[PDB]
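Fold and contact review
The lines below spell out each chain.
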Amino acid sequence: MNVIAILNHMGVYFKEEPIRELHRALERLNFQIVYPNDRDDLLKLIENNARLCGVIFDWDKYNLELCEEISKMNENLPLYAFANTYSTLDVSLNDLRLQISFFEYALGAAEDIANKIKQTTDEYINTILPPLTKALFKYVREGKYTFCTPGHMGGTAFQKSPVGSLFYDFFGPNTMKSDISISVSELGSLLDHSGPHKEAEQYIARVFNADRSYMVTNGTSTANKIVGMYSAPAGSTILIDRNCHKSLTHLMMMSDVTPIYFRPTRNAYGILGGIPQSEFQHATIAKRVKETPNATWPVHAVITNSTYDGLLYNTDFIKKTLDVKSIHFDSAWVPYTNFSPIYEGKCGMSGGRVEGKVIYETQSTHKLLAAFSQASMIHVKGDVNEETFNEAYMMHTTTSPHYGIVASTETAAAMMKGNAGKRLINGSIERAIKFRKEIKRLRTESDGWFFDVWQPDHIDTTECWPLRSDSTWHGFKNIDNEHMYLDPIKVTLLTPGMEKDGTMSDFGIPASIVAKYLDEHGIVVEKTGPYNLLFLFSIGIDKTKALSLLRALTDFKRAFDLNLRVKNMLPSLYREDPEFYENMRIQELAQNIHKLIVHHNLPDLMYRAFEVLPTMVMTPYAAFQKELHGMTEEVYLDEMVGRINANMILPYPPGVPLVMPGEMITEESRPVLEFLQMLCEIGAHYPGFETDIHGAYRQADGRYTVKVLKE
Amino acid sequence: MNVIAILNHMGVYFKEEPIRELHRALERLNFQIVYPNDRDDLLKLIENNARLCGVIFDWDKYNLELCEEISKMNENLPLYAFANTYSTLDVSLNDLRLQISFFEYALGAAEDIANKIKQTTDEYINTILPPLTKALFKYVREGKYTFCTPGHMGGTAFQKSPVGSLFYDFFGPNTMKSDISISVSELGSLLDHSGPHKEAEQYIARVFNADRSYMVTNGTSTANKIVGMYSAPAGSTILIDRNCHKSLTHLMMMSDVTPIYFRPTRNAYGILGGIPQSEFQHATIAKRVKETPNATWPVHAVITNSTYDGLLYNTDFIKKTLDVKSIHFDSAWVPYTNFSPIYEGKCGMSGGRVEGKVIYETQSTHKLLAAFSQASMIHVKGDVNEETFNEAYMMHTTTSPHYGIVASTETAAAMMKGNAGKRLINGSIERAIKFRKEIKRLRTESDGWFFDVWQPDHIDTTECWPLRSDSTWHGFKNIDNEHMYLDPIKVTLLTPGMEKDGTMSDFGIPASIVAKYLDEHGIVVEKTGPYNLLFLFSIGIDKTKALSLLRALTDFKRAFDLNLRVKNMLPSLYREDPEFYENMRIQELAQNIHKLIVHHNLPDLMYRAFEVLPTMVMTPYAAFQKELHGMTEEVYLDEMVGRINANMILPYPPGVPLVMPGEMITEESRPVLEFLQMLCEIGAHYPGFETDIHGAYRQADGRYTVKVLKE
Amino acid sequence: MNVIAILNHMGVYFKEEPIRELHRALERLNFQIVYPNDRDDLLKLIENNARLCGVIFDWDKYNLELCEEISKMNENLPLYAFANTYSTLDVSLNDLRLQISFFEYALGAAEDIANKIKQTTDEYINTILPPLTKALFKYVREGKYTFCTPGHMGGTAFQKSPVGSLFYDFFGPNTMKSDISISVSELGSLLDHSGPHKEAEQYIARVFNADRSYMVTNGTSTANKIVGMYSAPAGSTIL
Ligand SMILES: Nc1nc2c(ncn2[C@@H]2O[C@H](COP(=O)(O)OP(=O)(O)O)[C@@H](OP(=O)(O)OP(=O)(O)O)[C@H]2O)c(=O)[nH]1
Ligand SMILES: Nc1nc2c(ncn2[C@@H]2O[C@H](COP(=O)(O)OP(=O)(O)O)[C@@H](OP(=O)(O)OP(=O)(O)O)[C@H]2O)c(=O)[nH]1
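For the structure given in this document, a descriptive report is provided here.

Here is what the cut-offs are and how they apply
- Residues numbered from 1 in each chain as written, not as in the entry; some residues may be left out.
- Chains lettered and ligands numbered in written order.
- Part of a larger assembly, values for the part shown.
- Heavy atoms only, no water.
- Near = heavy atom within 4 Å.
- Polar contact = N/O pair within 3.5 Å; in protein donor to acceptor, adjacent residues only side chain to side chain.
- Areas by Shrake-Rupley, 256 points an atom, 1.4 Å probe, with all protein chains shown as cover.
- Nonpolar A, V, L, I, M, F, W, Y, C, P; charged D, E, K, R; others polar.
- Buried < 20%, exposed > 50% of the residue type's maximum accessible area, 1.4 Å probe, protein only.
- Helix = DSSP H or I, 4+ residues; strand = E, 2+ residues; numbered from the N terminus.
- Pairing = 2+ DSSP bridges.
- Right-handed = clockwise from strand over helix to strand, strands pointing away.
- Axes fitted to C-alpha atoms, helices over the stretch in contact; angles between N-to-C directions.
- Contact = heavy atoms within 4.5 Å.
- Buried area = accessible area lost by both parts, 1.4 Å probe.
- Salt bridge = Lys/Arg side-chain N within 4 Å of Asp/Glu carboxyl O.

1. Things to note about the site of ligand 1
Residue and element names in this part refer to chain A. Around ligand 1 sit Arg97, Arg206, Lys417 and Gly418, and that is every residue in its neighbourhood. Between ligand 1 and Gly418, the relevant distance is 2.4 Å, taken from an oxygen atom to a main-chain nitrogen or oxygen of the residue. Contact with the protein chains removes 32% of the 700 Å² of surface that ligand 1 exposes when unbound. Within the shell around ligand 1, the residues separate by chemical class into no nonpolar, one polar and three charged.

2. Focus on the pairing of strand β3 (residues 52-58) of chain A
Residues and elements named next belong to chain A. A large share of β3 lies buried, amounting to seven of its seven residues. In this structure, strand β1 (residues 3-7) lies alongside β3, joined through five bridges in parallel fashion. Bridged to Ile6 within β3 is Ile56. With four bridges joining them, β3 and strand β4 (residues 78-82) adopt parallel strand pairing. Counted as the bridge partner of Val55 is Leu79 from β4. Viewed along the sheet, the connection from β3 through helix α3 (residues 59-73) into β4 turns out right-handed.

3. Brief notes about the sheet that holds β3 of chain A
All names here are of chain A. Here five strands make up an open sheet; going across it, the order is β2-β1-β3-β4-β5 and the pairing parallel. Each end of this open sheet is capped by a strand with a single partner; those strands are β2 (32-34) and β5 (99-103). Between one strand axis and the next, the sheet turns through 25 degrees on average, direction left out of account. Looking at chain direction, β4 and β5 are connected through five bridges and run parallel. Note that in β5 the partner of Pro78 across the bridge is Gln99. Docked against the sheet, α3 engages β1, β3, β4 and β5, running at close to 145 degrees with respect to β3. Seen against the sheet, helix α4 (residues 110-128) touches β1, β3, β4 and β5 and runs at an angle of roughly 155 degrees to β4.

4. Description of the site of ligand 2
Residues and elements named next belong to chain B. The environment of ligand 2 is formed by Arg97, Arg206, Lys417 and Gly418. Within the side chain of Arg97, an N or O atom sits 3.4 Å from a nitrogen atom of ligand 2. Between an oxygen atom of ligand 2 and a side-chain N or O atom of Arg206, the distance comes to 2.3 Å. Surface burial for ligand 2 is 31%, taken as the share of its 700 Å² of free accessible area covered by protein chains.

5. Focus on the interface of chain A and chain B
Opposite the 112 residues of chain A that make contact, chain B presents 114 residues. A combined buried area of about 9900 Å² lies between chain A and chain B, and 63% of that area is made up of carbon and sulfur atoms. Per-residue buried area on chain A facing chain B is highest for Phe147, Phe170 and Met395 of chain A; these three make up 9% of the total on that side. Remark: the boundary between chain A and chain B carries four salt bridges. Measuring nitrogen to oxygen at the nearest pair gives 3.3 Å for the salt bridge that ties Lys707 of chain B to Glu387 of chain A. Scanning the region where chain A abuts chain B turns up 30 residue pairs in polar contact. Here the element with the most residues in the side of chain A that touches chain B is helix α6 (residues 162-171) of chain A; it accounts for ten residues.

The structure is reproduced here in structure tokens:
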């Protein structure tokens, strides 16, 4: 934070010379001094440089051209306004939030003015920093405790060791010194929710629209379990999204509960859709309780909102309709929903309290905001028993939390506060929409096939576009209306190969091939299905990254159409098996994999495998207890009908749980087995395109086994 | 790592001028040159500066004076040896580990030699760095993945925000870029135990004497639960140290198990002693199983080794005697035991496999080695079902681990490896012993009272000194021999106030007053009891911190004997309650508090409180289930006899569990209540010396309540 | 390969100052920075100077005027394109072979951008160098074999002799160190057609429109005899 802008040629030495003097005085204080040419140049400087922390200008010349524009960008940004005898305040300024200091033009005043600017810069810094992080930085600057844990004592133990010195030097002093413990009494305590930690939690709850917020330092994996353990006593029944993260399987394995699954929909691409509205109705649930051994009325429900591919629920509908006293939205993918009105009514915290219910979001701050790995938040709307909730929190929280992770969780909130926060989120939405429109444009303009974007036929509006039953784009048959919405920032691209019907085209380019090409060019694909690719247009992704991705896609098409050798176009793939890929061309690879997909009927098998559930013979908890007693064995995948599965089976595609521990494939659920067998067969053909089923094990002879409970 | 030492005046220009040329060439490559005066000056430079990464010298003049001494300090340290025509290799060098390059004295060769030195320095760095940390640092320098989580994208996202830029600037680019995910495929995966992660685990197991080691990123709080949950299925019985960390109480609250408690001893100071040898013998356990409802033969045993105050067990005895197939040493306080022979036979991993048993250590690498907060290791000796063990591991491990914490765990191993590592731990043992001897010396030399050290009458040997039944220093009655040992690095200081009999002295200085004094001077007291203070002489604590502590203790005596005003001697205490402390002097404070301890009979009540056990009415798991159903209420502490406790009650002193959830104080265990009532009374008198009982709540009228289950 | 061209007057400090900063950061990495007046000046600079290895320019201002013309001269030439908020890719670029990195105008970003340019320059060099030559140059920079023929050992033996030192100094270190033998096993072998030598032969064959190519080190005088002796056994007739 050291860049000061000076805006001006004034034509009078009595103004210009004191400004030259101020330039020199500011440089002596280690500011860097920048000179925009005009009003628009200055606004671009502010917009492009977060470290620009002050603006010097002639008041009469510029106030009516600058003040309103600046206030929209940054409420808090120091203005250093130089006054004329008759300078005054226009009524248009009355309601603007501005930080203004007024100065005179005088020779010899520069040193004093520079000192005031320095002081006002520190006040700005202290205004924008949140409380715990501010306290942590101050401690690192000023503090001096010894005989403390961490045993490394601000990195001291590292410096006495050759390898330790490399480690210390890599991370640097501030990182090492900020790794502290509750011995630093002035920072309070995470587990006690005291001092600056209490201030951080209250600060976060305000920013994120929660009644109460908890900082978790072991990821949403852990936040999910804290919420679940508080919410679901032994002997109870819970409703759980079949599209649930593995941490919720772990919760079920650790807690003696009976699950009843919400059943999401899916399209022909293998993309998950929303749990239909009928799944939330009392009659539906009551009947499933009746049909489930040992089930009672659910005390807790867990819903994944949004889906991975960006489908958000009408959460107003869910909260009004779902007659369960505790509703937890696993919101790991959507930590930013409070920061744009486009997400209103589409996130757990939206709106107010619900009578007789507590609502939660868990969020992975590190995924789609800016925070260190393992940073997570629990947001609560409604009443909890605070002591009992804290026991559950403490059961999963270390006694030695990492303060960097904690500070980063609080600073993520600070970043999202106000106009600078709204602008960060708006910008990610705008850039996602810009890129979405570019794909559609290039699809029209290019010669022959192109990528498509999975979205409405027109996106002339900035909103989470509703999925409507009268539109074919989303692929979900007979969808509920006013139920699901597409998050603009979750951009799904489609490769040729499937028709509007959900039927197969003659020409196809399996998305795995495009992903391989992108990885050559350092672009990671978050998620891939047979003909789909997901890109997260997060606040991380700037215009430069968006352009690089767009250019890589036009280059894929250009190179594909030239039919380059695999050896040249996909060197990393070639290196996996040069002899196999020596003479193969890209169009041949695409054709062959596509024909495999078609021949094996993969999309239809994948649809049918997930449309029926395996039978719950025992709960995940009960199955794991069996495993703990050594009562598992391996059988060939082919032999698993009528056996109780020990491990979750999670195939890619489509990357969601297929079989839970304690479930059995029966005749009712035979397509589960056939899908798994097909994945094993199709994966045996192309090096680099191997079968990937978590819970299935390739044997030396190329058959797969799975782990089942002993009879 | 950029300091190169040149050792010499040779008296011939043909040698001196090329070395002048090399000095310049090396400065151009950004090395610092240093010029020791002689052999001993060079060795001190190496001893004091881990970043000294090369030594240049005339081979004939120095090799017989340097090579052996250097090899004893650093096996790997590059030597750049300048040879004469007749230079040869002495037979004494044959078995030394040395890294030597031979060079000639020639004008114009310096640029080439300097380039070879640069290359050799990089090889040295690559030799000493462990595999995962090396890969991480290399990725940071060279990698270029975009469209990646963490969403901050090497800190990118922070730089677009004013407050974010401050956070980025504080931690720095390396810290930000090293926060990565499994998208960086060349680093493999923690959860899959693959690539450099697998290399890290094997490297660690080798360094720490384990068959298998796991890196945990949520502290030993979590490592304890991973081991416990693998080891103790629902319905089972476990043997658990009554001196158990809260994480083990949480384990019992989360797992449907029945505890039987090992019963530690204690002394009149309130310092915990070891579980007696009789507690481990078959007939003792069999009888307890018979007397405990629902108990069966224990499948798993948990022992805290060492105690907080440094008492280590004869673990050879435990392993031979304890007829339980799974024995877990919670070794959070002693992660360094594999690095000095003084700990052989006194730690979990010591020795070889135990037939028919699996042995664990869990260790908080961040407490007494050098690693980031939350870094923990599980060490296994014996067979586990690797796949079931991994499920329990994954159940408590995030899907987005913090790679800094992971790299710090592996680097802690790299630091402890070999001669560098033996020297580090030897150093800390030597310093602890030096300081112990200094207290004994000052006690003799000083005028009137002084501190004492809780240790044997003679410590003229470097070992973990055995506690003997024929010695009275440790205060334990009828102790088993060849059973408990005192770790040199855990230094307990005693303040005046108790006689050798365990009776009270007329003159006392409660240790709490000394702790408040030390805290004024930025010295943290790890643990305090009525008349004891614990200091950890970790590899953090250098000679400078040891002298600062010794001086602070002499200053405490000096200022105490002058009888300074509390206002002047303890200003932070004074500003607690200025009006209360306005005229009080230090000796009066010490006297008054000591008289209170004496009047209330605190040591006798504390001893008796912990010698009986509350009655286990239900297991902690069953008690927590009741709390989860809302079935708790608050009663006054005075009315708790015959009530089932909902919370753990943990009083300070002596800082170990007194009552577990599910336990009830009866007439048989009334001393528990008497002790707690006394702590409440004694704590009402002096601001800053308040009652501290976890599980008891001070009401506005000064009465205390506890949480119990509803009748 | 160390000349970088910057093309421009933009009229806004928010763009010009970051480019000034980038100038300085690049000179610190030992690049030389040239400033063409306009599009045609830049194209002449590229045409006349093979060691011009990168071009920095404002994307919007120049992409439609530069990208096709550059792709006609050099497929592989690094372009460092500075983007505006609304910068996009014209359909006319689709089939051009371009190497483009996109950057933002920001104060204090120059050190990072200059390092990325350095990296891209090394990637460009490694793209255009063929496999054996690239391996040879890397060995000279990095290798350390001893007890090696040629007996001169990277020119070492020459430096011990007054006349030898003159010979070494004339040809220079790279020439002397690149005179190696099959002892440098990572370069494979000409006679075995192995390793980078096999890659060189296949590279050559493709460039020259051959099924197979052989590298001969004793002139076409010798290449003629190799072909001839394989082709014409004793007692045969040749045209
Ligand atoms: N403190 C302060 N606030 C002002 C001022 N002028 C406008 N505001 C706005 O008012 C908010 C404080 O509103 P209050 O009514 O005082 O607080 P409350 O909403 O928590 O009850 C600030 O929100 P915020 O918490 O700063 O964050 P955000 O909502 O702007 O992101 C800020 O947006 C001012 O002069 N001082
Ligand atoms: N690589 C290598 N090792 C040598 C050499 N000379 C002695 N050593 C020592 O030998 C150890 C390796 O012993 P091995 O028999 O190869 O491996 P093992 O102990 O794992 O079976 C090294 O231990 P370490 O794992 O490096 O650590 P530490 O035991 O010294 O702490 C090091 O102490 C050598 O020339 N090269």
